[PDB]
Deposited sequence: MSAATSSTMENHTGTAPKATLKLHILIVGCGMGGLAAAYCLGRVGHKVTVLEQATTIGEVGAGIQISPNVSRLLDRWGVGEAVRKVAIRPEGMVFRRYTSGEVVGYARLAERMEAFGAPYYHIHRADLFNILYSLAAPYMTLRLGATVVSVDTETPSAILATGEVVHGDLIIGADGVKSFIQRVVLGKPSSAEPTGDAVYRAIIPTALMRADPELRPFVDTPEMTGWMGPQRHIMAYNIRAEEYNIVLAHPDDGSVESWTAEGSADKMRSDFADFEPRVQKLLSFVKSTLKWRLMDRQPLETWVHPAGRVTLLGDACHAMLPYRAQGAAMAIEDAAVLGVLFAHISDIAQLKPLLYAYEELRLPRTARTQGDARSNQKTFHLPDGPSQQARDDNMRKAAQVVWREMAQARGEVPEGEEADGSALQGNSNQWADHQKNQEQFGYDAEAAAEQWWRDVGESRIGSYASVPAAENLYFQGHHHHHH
């Protein structure tokens, strides 16, 4: 599976999107340069959830063992009432998720980044301290803040929620905007939890726990043997750990204990964007991936999934390029394959903002009832207990989708050019 025509591909951004794109495109014969503005690389000190649609790909790419060594395999997702901790919903993870062909893991962002870096490294010329400030959309070329011109055949903006390349693609200022929500992000020692009989079960029976309250919710889960991840969503108004404790003072007693263990916290503002009208610059030499085109509320835990899926689709499509005339149509095929899914996913995250943050009242009572009975789509419910939603999200195979597309459509539409 190699491309007849080898491109020089410029990837702006060395987050997880960038890494995965460098691996996926490099391994099919393309030359890859990654231009990163920061003078270091790595992920922040926090947990991430990786669903089967992602871990299917990690397994396929030969890093399943590394994932398995560091990551935690939760048994279930448990939703609880803020004041008491009363369980109002369960969605089975574990073998219920493995039925889609790979596990549902909880992992430290740094461990995941390091694993992706191990795949990308031989495929990418990484340039750090390289801030793209302009683009020649015709050639194309990426122009650094120093004035250095970097020539290639194609530019991928994997440059995140403050993407410059999004601005290039749309030909004007354009941004993800604040949502009115922020999170505190914290890791605490599992050792402190194991020492308390009420908190030990949260370590010894790994689950994704969600406490839902008026305008606020907490998600918490083990991410390494020594570390438990906590994320607290709350109204953004503009003693960091102190203000967090204060903001969640009405949550149940076990929550108060967990928060008493937090020494410090990242404050993080949550951005969101309406879906873009296009991911392709009209001249057909620049496109986007990851948060640069589908930044979403994190309440569906699929943003990195979508970035990595985006990369996997690019890899499959661009293994088939044999002529420069096919480049622009391939970018539109990428957009066609990815825009609807990512937009739906952004949508489900927005639905969960509402569901998770309901004030006490009729809606909240109905939500809790739906969650107890695991209501099926055949202030709403537990998406992860819905078999159809699970099939659509977690049963998806990015590589298979793009190959199916090539066979059915791409071959006859692009394949002769």
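A.B. asks: Where does the structure fail to cover the deposited sequence at the C-alpha level?
C.D. replies: Since the structure holds only modelled residues, the stretches it omits are 1-16, 255-262, 403-425, 465-483.
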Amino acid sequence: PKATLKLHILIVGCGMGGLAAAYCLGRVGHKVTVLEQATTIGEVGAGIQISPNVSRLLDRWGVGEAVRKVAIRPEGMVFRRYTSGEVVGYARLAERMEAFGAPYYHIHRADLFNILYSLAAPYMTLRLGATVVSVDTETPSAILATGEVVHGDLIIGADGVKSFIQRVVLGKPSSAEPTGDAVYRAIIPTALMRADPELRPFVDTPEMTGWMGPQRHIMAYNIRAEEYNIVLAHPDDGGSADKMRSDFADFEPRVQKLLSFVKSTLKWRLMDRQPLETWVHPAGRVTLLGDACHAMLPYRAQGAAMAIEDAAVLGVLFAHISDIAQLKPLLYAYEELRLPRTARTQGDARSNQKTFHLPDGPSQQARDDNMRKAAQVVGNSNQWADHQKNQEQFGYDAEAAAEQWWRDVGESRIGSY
From here on, numbers count along this sequence of modelled residues.
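A.B. asks: Comparing 165-173 with 260-268, where is the mean C-alpha B-factor higher?
C.D. replies: Going by the record's values, the stretch with the higher mean is 260-268.
A.B. asks: Given the B-factors recorded for C-alpha atoms, which segment has the greater mean, 269-277 or 292-300?
C.D. replies: Higher of the two, by average CA B-factor, is 269-277.
A.B. asks: Just to confirm, going by the entry's C-alpha B-factors, which of 74, 210, 160, 239 comes out highest?
C.D. replies: The listed residue with the largest C-alpha B-factor is 239.
A.B. asks: In terms of CA temperature factor as recorded, identify the highest of 370, 53, 49, 40.
C.D. replies: Highest CA B-factor of the listed options: 370.
A.B. asks: Sorting the chain's CA B-factors, does residue 59 end up in the lowest, middle or highest third?
C.D. replies: Its C-alpha B-factor belongs to the middle third of this chain's values.
A.B. asks: Looking at the C-alpha B-factor of residue 331, is it in the lowest, middle or highest third of its chain?
C.D. replies: Lowest third of the chain for residue 331's C-alpha B-factor.
A.B. asks: When the deposited Cα B-factors of this chain's modelled residues are ordered and cut into thirds, is residue 245 in the lowest, the middle or the highest one?
C.D. replies: Highest third.
A.B. asks: Among the modelled residues of its chain, does the C-alpha B-factor of residue 45 lie in the lowest, middle or highest third?
C.D. replies: Middle third.
A.B. asks: Consider only the C-alpha atoms of the modelled residues in this chain, order them by B-factor as the entry records it, and name the third containing residue 148: lowest, middle or highest.
C.D. replies: Middle third by C-alpha B-factor.
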